[PDB]
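Data first, discussion second: the structure below is written as structure tokens.
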Amino acid sequence: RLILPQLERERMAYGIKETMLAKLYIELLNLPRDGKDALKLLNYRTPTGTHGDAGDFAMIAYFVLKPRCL
DNA sequence: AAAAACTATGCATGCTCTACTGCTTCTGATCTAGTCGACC
């Protein structure tokens, strides 16, 4: 199921997507609301930040979380 | 006849209830914008 989440049927809809997941990450990590990391996570599509990948939300989240996790 | 002791009282303090009015803050209801899931 983890390898192919799209085929999951037993589990109900998560209800969280890129925007909601970014908001939850900002709230939990206690990052500043108007800080660079929060804007990058929320505006992951915008390439103005020129921080590695500009379209992949997962890559931006990994870059933001590299110094925050074990 | 003269001095001392007890009682009336009375005005002022601080406390207490009781209420009234104002400001600050918390809760709840409502409106509006954004988001997710399903399909096609």
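Chain labels follow the order of the structure tokens: the first chain is A, the next B, and so on; residue numbering restarts at 1 in every chain, and ligands are counted from 1 in their shown order.
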
*Picked from chain A by DSSP as alpha helix (DSSP H), as a PyMOL selection string*: chain A and resi 18-29+36-42+57-65

Just-selected residues, N, CA, C and O atoms written as a short mmCIF file (atom, residue, chain, number, x, y, z; two decimals), in the first residue's frame:
data_model
loop_
_atom_site.label_atom_id
_atom_site.label_comp_id
_atom_site.auth_asym_id
_atom_site.auth_seq_id
_atom_site.Cartn_x
_atom_site.Cartn_y
_atom_site.Cartn_z
N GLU A 18 -0.99 19.38 -0.51
CA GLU A 18 0.22 20.19 -0.40
C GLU A 18 0.00 21.42 0.47
O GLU A 18 0.79 21.70 1.37
N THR A 19 -1.09 22.15 0.23
CA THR A 19 -1.34 23.37 1.01
C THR A 19 -1.62 23.03 2.47
O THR A 19 -1.02 23.62 3.38
N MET A 20 -2.54 22.09 2.72
CA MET A 20 -2.87 21.73 4.09
C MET A 20 -1.68 21.09 4.79
O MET A 20 -1.44 21.36 5.98
N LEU A 21 -0.93 20.25 4.08
CA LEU A 21 0.25 19.64 4.68
C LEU A 21 1.29 20.69 5.04
O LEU A 21 1.91 20.62 6.11
N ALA A 22 1.50 21.67 4.17
CA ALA A 22 2.44 22.75 4.47
C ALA A 22 1.98 23.55 5.68
O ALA A 22 2.79 23.91 6.54
N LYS A 23 0.68 23.85 5.75
CA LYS A 23 0.17 24.59 6.91
C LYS A 23 0.36 23.80 8.19
O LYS A 23 0.77 24.35 9.22
N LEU A 24 0.09 22.49 8.15
CA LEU A 24 0.28 21.66 9.34
C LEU A 24 1.75 21.60 9.74
O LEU A 24 2.08 21.65 10.93
N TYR A 25 2.65 21.49 8.76
CA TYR A 25 4.07 21.47 9.06
C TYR A 25 4.51 22.79 9.70
O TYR A 25 5.28 22.79 10.66
N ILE A 26 4.02 23.91 9.17
CA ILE A 26 4.37 25.21 9.75
C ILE A 26 3.86 25.30 11.18
O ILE A 26 4.58 25.76 12.08
N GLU A 27 2.62 24.87 11.41
CA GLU A 27 2.05 24.96 12.76
C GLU A 27 2.81 24.08 13.74
O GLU A 27 3.10 24.50 14.87
N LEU A 28 3.14 22.85 13.33
CA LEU A 28 3.78 21.92 14.26
C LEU A 28 5.22 22.31 14.54
O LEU A 28 5.66 22.28 15.69
N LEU A 29 5.98 22.67 13.50
CA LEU A 29 7.37 23.04 13.68
C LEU A 29 7.54 24.39 14.38
O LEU A 29 8.66 24.74 14.75
N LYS A 36 10.96 32.92 5.84
CA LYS A 36 11.34 32.41 4.52
C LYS A 36 10.89 30.97 4.34
O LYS A 36 10.36 30.60 3.29
N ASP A 37 11.09 30.13 5.37
CA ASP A 37 10.72 28.72 5.25
C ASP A 37 9.21 28.56 5.05
O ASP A 37 8.77 27.75 4.23
N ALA A 38 8.41 29.31 5.81
CA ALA A 38 6.96 29.20 5.69
C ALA A 38 6.50 29.62 4.30
O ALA A 38 5.66 28.94 3.69
N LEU A 39 7.02 30.73 3.78
CA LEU A 39 6.64 31.18 2.45
C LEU A 39 7.07 30.17 1.39
O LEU A 39 6.32 29.89 0.45
N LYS A 40 8.28 29.62 1.53
CA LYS A 40 8.74 28.63 0.56
C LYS A 40 7.86 27.39 0.57
O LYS A 40 7.51 26.86 -0.49
N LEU A 41 7.48 26.92 1.76
CA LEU A 41 6.62 25.74 1.85
C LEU A 41 5.24 26.03 1.26
O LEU A 41 4.70 25.23 0.50
N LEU A 42 4.67 27.19 1.60
CA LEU A 42 3.35 27.54 1.07
C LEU A 42 3.42 27.83 -0.43
O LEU A 42 2.63 27.30 -1.21
N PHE A 57 7.06 19.71 -4.17
CA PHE A 57 6.83 20.06 -2.77
C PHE A 57 7.65 19.17 -1.84
O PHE A 57 8.15 19.64 -0.80
N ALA A 58 7.80 17.89 -2.19
CA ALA A 58 8.54 16.97 -1.33
C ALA A 58 10.00 17.41 -1.19
O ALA A 58 10.56 17.35 -0.09
N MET A 59 10.62 17.84 -2.28
CA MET A 59 12.02 18.27 -2.21
C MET A 59 12.16 19.51 -1.33
O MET A 59 13.11 19.61 -0.54
N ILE A 60 11.24 20.47 -1.47
CA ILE A 60 11.30 21.67 -0.64
C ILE A 60 11.12 21.32 0.83
O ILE A 60 11.82 21.84 1.70
N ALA A 61 10.17 20.42 1.12
CA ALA A 61 9.97 20.00 2.51
C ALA A 61 11.21 19.31 3.06
O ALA A 61 11.60 19.55 4.20
N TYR A 62 11.84 18.46 2.25
CA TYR A 62 13.06 17.78 2.69
C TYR A 62 14.17 18.78 2.97
O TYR A 62 14.89 18.67 3.97
N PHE A 63 14.33 19.77 2.09
CA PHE A 63 15.36 20.79 2.31
C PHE A 63 15.09 21.58 3.58
O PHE A 63 16.01 21.88 4.35
N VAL A 64 13.82 21.92 3.82
CA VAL A 64 13.48 22.69 5.02
C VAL A 64 13.71 21.85 6.27
O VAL A 64 14.14 22.37 7.31
N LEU A 65 13.42 20.56 6.21
CA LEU A 65 13.47 19.69 7.37
C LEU A 65 14.82 19.03 7.59
O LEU A 65 15.00 18.34 8.60
#

_For a quick test of understanding: name the residues of chain A lying within 10 Å of chain B when counting only C-alpha atoms (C1' of nucleotides), and present them as a list in words._
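Result: residues 13, 14, 15, 16, 17, 19 and 20 of chain A.
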